[PDB]
2 protein chains.
Amino acid sequence: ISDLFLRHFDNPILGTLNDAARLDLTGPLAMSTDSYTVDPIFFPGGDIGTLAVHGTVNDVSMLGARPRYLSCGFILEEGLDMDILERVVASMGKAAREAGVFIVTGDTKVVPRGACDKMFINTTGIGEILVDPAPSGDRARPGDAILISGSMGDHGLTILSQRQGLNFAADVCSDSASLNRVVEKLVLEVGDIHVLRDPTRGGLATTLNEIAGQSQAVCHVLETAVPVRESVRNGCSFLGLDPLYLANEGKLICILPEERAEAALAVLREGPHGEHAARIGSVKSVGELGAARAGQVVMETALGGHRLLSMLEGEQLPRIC
Amino acid sequence: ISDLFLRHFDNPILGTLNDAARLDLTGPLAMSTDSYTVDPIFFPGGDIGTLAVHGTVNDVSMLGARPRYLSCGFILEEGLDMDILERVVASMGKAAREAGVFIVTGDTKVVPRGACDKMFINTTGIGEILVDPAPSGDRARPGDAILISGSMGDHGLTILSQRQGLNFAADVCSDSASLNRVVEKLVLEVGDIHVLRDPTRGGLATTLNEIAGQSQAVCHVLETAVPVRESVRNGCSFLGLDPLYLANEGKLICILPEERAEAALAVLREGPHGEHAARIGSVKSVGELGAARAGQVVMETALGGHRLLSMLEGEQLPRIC
């Protein structure tokens, strides 16, 4: 019934329509999976289709890999508006085409009404790893710079504020974008990249916590150097949110030796949402500050003090992606 | 919060806990994805965990491939019974271990109550293709035997009959099982395998239709040679169902040249549910019968006549897998 798929995704790997798709790929590969439950489904600056491609493209690249192939799996609600599914799949085609990535295989389940809320999408990405060693949450080390690709809090703020009918500044919108090309350039052109990660789940603070944890170092962050859009700042205090824990869908943390840091910003500025790319701190070894412990993230505040950025709260906030 | 995952799946590829998992795989690969919405979640002979591993292992093998890695993505309902999630993940570990397959990466989304019905699972499998050329729905050709791995209708009948509190024969239960080892042996030991496929969506008739369609041949089936358990026969007429269109979760259609057919049954008999493995017909070229058209499936009935097995009806029957 629903075959807008070839009308938006078409390629000879998908259009062979077997139980599995055949892939030609070299050796060491990166694999990643995500499900997408964002509510609502259309919002300023993107949609579930948009997240579904972009976020999985990103997850694959975080291993310093070139994403080549996506697979994808819809769970749709009975009597769901077909125009909606049409728009979402069109979002996906464009995003895939835009990122150089082919959706090669899929599935589609339909469920009675009530059983699911309109639709959900899982996508699974596969790509080829470009370097040895490759970026990894446990490879942050004493003397590395911590860089951010762009502003924090945008995505989370915009769907939290849509879901309450509030509009705020017109310039508050999702940052859903593919960062494969930036990563590709980082790893092959700047080199010796230690950690790549995108602050999606629980925002910058908590992914900084996972890195600090995995590497057994501390992360040092400078509040002022963390770019946050003024309207996102204002949106966040109106609704009582910390933008450093809000989800981002189009951003990346990059952590590498000091020597290569300035060159990695160059690239990052030319990346999506890269106007605001910045060095936000450094990685220091246990007790180097000190007192601050291994697994801990400490921010020098704007006011000349300190703040421990602690892990979530806070099971989550629901359905932001 | 939910980390029974390492308590049931644990391996160093998953237990590195990055945005993506690193995989070491050779060249030509098979990839497949499925979402699992079966209702109810526990039934005689398997569960959603069970389908989730087994059915994706199967889908990958249908390309004559060795499945190596699964990724997996839960969508769970808020306040869902943790014992349930515990049982389902334990099902998955066992099934993965049992099939020689590692769950290497995952995701987990939680949604408010109402937004989804208890839980859903997508899994995506990846494996290495064992032969050139490889089995493919368009490779059925004049003079091939059509073989079945086992009895038809079992899975569909059992969850349709659970969902109505009915019990029927104790020997009616899901056939959820991994058929990677059978396939592996078929392709490397019997050889020149033309088509592999598992009659899941809409049962044997409709997957026979997809093959007949893709190959541009007719499929000839012999009703009596199609194994159906007596209690499944009786369960099916009580509830007004055609067992040849009921979903199967542990079965496979194998289509190959006549010369290798007897040797492929040997293997098939030693396969799961292989007691009943049988030759059910042959593949004939347009007009060879004739009148019967390309894309068509014609059965010689038990009573000495003919029946055209037509494509579904019949959007589906909901949530059988």
Side-chain angles (χ1 to χ4, degrees), chain A residues 1 16-37 39 58-60 62-63 65 69 71-75 78 104-112 114-117 120 122 124-127 129 134 136-138 196-198 210 214 315-316 318-319, chain B residues 1 16-37 39 58-60 62-63 65 69 71-75 78 104-112 114-117 120 122 124-127 129 134 136-138 196-198 210 214 315-316 318-319:
Chain A
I1 282 285
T16 217
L17 275 179
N18 275 327
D19 279 325
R22 174 191 168 121
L23 265 41
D24 285 56
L25 299 155
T26 29
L29 318 171
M31 173 176 203
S32 155
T33 193
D34 256 293
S35 296
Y36 294 90
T37 64
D39 179 45
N58 294 343
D59 288 321
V60 164
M62 302 305 170
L63 231 65
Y69 304 108
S71 65
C72 103
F74 300 84
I75 301 164
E78 186 204 19
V104 297
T105 180
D107 191 43
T108 310
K109 291 293 197 285
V110 182
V111 294
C116 112
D117 184 19
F120 296 147
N122 171 274
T124 296
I126 256 260
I129 294 179
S136 164
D138 65 346
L196 273 298
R197 211 72 131 54
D198 49 0
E210 297 163 341
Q214 275 147 237
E315 320 293 339
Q316 230 318 234
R319 297 185 69 176
Chain B
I1 282 285
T16 217
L17 275 179
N18 275 327
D19 279 325
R22 174 191 168 121
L23 265 41
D24 285 56
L25 299 155
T26 29
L29 318 171
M31 173 176 203
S32 155
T33 193
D34 256 293
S35 296
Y36 294 90
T37 64
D39 179 45
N58 294 343
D59 288 321
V60 164
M62 302 305 170
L63 231 65
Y69 304 108
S71 65
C72 103
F74 300 84
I75 301 164
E78 186 204 19
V104 297
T105 180
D107 191 43
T108 310
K109 291 293 197 285
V110 182
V111 294
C116 112
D117 184 19
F120 296 147
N122 171 274
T124 296
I126 256 260
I129 294 179
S136 164
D138 65 346
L196 273 298
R197 211 72 131 54
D198 49 0
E210 297 163 341
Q214 275 147 237
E315 320 293 339
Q316 230 318 234
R319 297 185 69 176

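Quick note: numbers below take in every heavy atom, side chains included, and nothing from hydrogens, waters or symmetry partners. Just so it is clear: chains get the letters A, B, ... in the order the sequence lines come, proteins before strands, and each one is counted from 1.
Top candidate by heavy-atom pairs under 4.5 Å with chain A, chosen from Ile75(B), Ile1(B), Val60(B), is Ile75(B). Most heavy-atom pairs under 4.5 Å with chain A: of the set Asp117(B), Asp59(B), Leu196(B), this distinction falls to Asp59(B). For the set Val110(B), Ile129(B), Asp34(B), the count of heavy-atom pairs under 4.5 angstrom toward chain A peaks at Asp34(B). Looking only at heavy-atom pairs under 4.5 Å with chain A, the residue among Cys116(B), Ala115(B), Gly73(B) that has the most is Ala115(B). The greatest number of non-hydrogen atom pairs below 4.5 Å with chain A, out of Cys72(B), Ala65(B), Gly114(B), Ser71(B), is found for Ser71(B).
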Could you list the donor-acceptor pairs under 3.5 angstrom formed between side-chain atoms of residues 22-33 of chain A and any protein atom two or more places apart in sequence or on another chain?
from: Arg22(A); atom 1: NE; to: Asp24(A); atom 2: OD1; distance (Å): 3.3
from: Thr26(A); atom 1: OG1; to: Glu128(A); atom 2: OE1; distance (Å): 3.1
from: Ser32(A); atom 1: OG; to: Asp19(B); atom 2: O; distance (Å): 3.3
from: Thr33(A); atom 1: OG1; to: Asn122(A); atom 2: OD1; distance (Å): 3.3
from: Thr33(A); atom 1: OG1; to: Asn122(A); atom 2: ND2; distance (Å): 2.9
from: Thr33(A); atom 1: OG1; to: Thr123(A); atom 2: O; distance (Å): 3.4
from: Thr33(A); atom 1: OG1; to: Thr124(A); atom 2: OG1; distance (Å): 2.9

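Contact of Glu78(A) with chain B is not made at all, since no heavy-atom distance falls under 4.5 Å. When heavy atoms are compared at a cutoff of 4.5 Å, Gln214(A) approaches chain B solely by way of its side chain, counted from C-beta outward. Interface residue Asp198(A): backbone and side-chain heavy atoms are both found under 4.5 Å from chain B.
Counting only heavy atoms from C-beta outward, the side chains of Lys109(B) and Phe120(B) never approach each other to under 4.5 Å.
Of the N and O atoms on the side chains of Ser35(A) and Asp107(B), not one donor lies less than 3.5 Å from an acceptor on the other residue. In summary, the side chains of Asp138(A) and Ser136(A) do present a donor paired with an acceptor at a separation below 3.5 Å, with no hydrogens or angles considered.
Nearest approach of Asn18(A) to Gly137(B), heavy atoms of both residues: OD1-N, 3.0 Å.
Under the side chain to side chain donor-acceptor pair (under 3.5 Å) criterion, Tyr69(B) pairs with no residue, sequence neighbours left out.
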